[PDB]
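Below you'll find only one chain, the form deposited in one PDB entry, shown as structure tokens.
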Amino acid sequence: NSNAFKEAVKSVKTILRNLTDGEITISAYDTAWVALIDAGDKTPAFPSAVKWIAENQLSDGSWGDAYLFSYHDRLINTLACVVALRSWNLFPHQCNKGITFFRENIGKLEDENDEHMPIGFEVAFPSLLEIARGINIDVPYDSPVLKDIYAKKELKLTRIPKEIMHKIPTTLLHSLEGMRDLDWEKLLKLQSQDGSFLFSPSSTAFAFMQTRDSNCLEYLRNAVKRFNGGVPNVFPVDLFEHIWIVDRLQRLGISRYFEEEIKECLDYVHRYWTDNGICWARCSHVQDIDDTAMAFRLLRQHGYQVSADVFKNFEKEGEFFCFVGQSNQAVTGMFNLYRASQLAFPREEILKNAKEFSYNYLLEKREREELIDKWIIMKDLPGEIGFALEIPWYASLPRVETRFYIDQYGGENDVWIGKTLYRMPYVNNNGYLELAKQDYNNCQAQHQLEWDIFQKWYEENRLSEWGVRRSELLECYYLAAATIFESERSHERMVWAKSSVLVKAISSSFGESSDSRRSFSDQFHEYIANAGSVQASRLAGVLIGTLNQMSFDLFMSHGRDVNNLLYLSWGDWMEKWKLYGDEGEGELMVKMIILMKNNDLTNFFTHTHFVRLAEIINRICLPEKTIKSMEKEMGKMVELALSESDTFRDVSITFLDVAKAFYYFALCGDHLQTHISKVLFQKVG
């Protein structure tokens, strides 16, 4: 590992250590609504917001996202800023440059498609127009395209459930700037614990203008401080940020470098977890299935005890929804629900239904090319989801998922759509992409070495004459490396790849008759005690030779002597195999891997939990109706494997790793040449 790299890791660590209320971009629109606020004496309550606007104008006269031009974005941002500037009679030059932009550009809005269109635009846009008309700003109010949105507003305003909106919490509280006669009597009772209206600085700034409420003021005051002048279009965004950074780091395959920092993150998220789920911000009376599903999964997969009853709230009539009691469905929310529902323990019927539903939703959405999210612009959503649709979590191996995700991750070019456009530099980062591209290529270089060495070994012991095909050789190595890929873990990887090749040699050479097995087992135990049968003795020598090479290699590195335990474990497999066909092959791979771990864990081979696990892994692994029986079994394994105190964890996971490898092979074994190719033989980039 070079120094540029070592430094990149430090930086990412200083980010994770310093996560706060969210690293989000300023929203010219939202900071213009904050800047419209009267202290009480006809002066801006928030000077710094007025100042931000005067100093962050793009050179073509507009405000908004500088690297992605959207007529919807730039028009609503500039209008708001010009209004803010003009009603304090401040900064004439920039204000004028701003109106010129708006005039020359309002005509183009009529032709951009409403496919990527901001939240509450048809309502919030005419509202500014009015404010502007009533301060004598010279803009085309008649404009063929304008009298058109004035209309869409009034018609959008009649779909609104005014009754409900005032009685119970809904997402509408986020977009109040556009609405008319509101009962602030009833609305203030729907305020959030931080004094905002659904964590929106513009909506809250509006409410304060109308109520002079002291809590809305406190919230706006913290926002203005946090971002040194400007404000985002959502705040806080802390839960969302924690959960998304973790998810990206794990998918990009570089999660292990930051194991400790990631634990602080999930710790923070568990702190503000609730029985109703969560939303993007801590302490909310509103929750969404997207944030909740991402948290549920990341938590359960890391041994936090969370409950699936959390999903009861988003379901009606066997369907699931983004927000409680709203009819909103989004592609990315269902996607994250589908990923979460696969971590279902055998008792959770709510998650069986969640899986079945989110599967079809995404399935149909695919067969209509409608796999795009209106709310977010990503490099490759259809790709991410295609992978999840064909490679179930039970069959997803670290290196395979990661290999595909590094090509899909958009880095800094991903753009989120709220009321304006905004970016999340700590979730969508080019730095993470380069780090991941460099790390992935290094481990792959290392696997290419081990694979040449591994071929030589296969030739030198003439394993081809023992019934092991070159196809099996590569498949045995690929599964080992696609699962345990870290360069610092060659021992566990190699022992796995070799042990599997050898169980294949022994099984195809001596597994036919009910005593030819005995013959080999006897030969093995004779070969042991020196501290037809001719043939058996030669194979046994290959096994023993390989066993000795590895336990000594280990002892060379760590000073552990595991030789006897290696033999014992292979003898146990035979006692079992001797009676029937190829039986407990699964349990044996787990023991090998464990025995080659840099630290000692043999203590646990005795524990009931290890025994119970071993009992299941062996019912998964055996020489369409069976694929089903596999999920059944694996279901029993997932509960047991994850719900573990963190001493035993490294054992339980290892069980999962092996089981996944088998399932994956049962599901894809027939055509693996594409995966193998991309994973082992094609550098990223």
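All residue numbers refer to positions in the sequence shown, first residue = 1. We call the rigid core whatever largest set of C-alpha positions still superposes within 1.5 Å between the two forms.
Below: the form deposited in another entry, not depicted.
Rigid core superposed between this form and the one not shown, residues 271, 147, 456, 347 considered: the one with a C-alpha shift of 2 Å or more is 147. Core-aligned CA deviation for residue 110 between this form and the one not shown: 2 Å or greater. Between the C-alpha atoms of residue 383 and residue 114, a gap narrowed by no less than 3 Å is obtained in the other form, as opposed to the form on display. Relative to the shown form, the CA atoms of residue 113 and residue 176 are pushed 3 Å or more farther apart in the other form.
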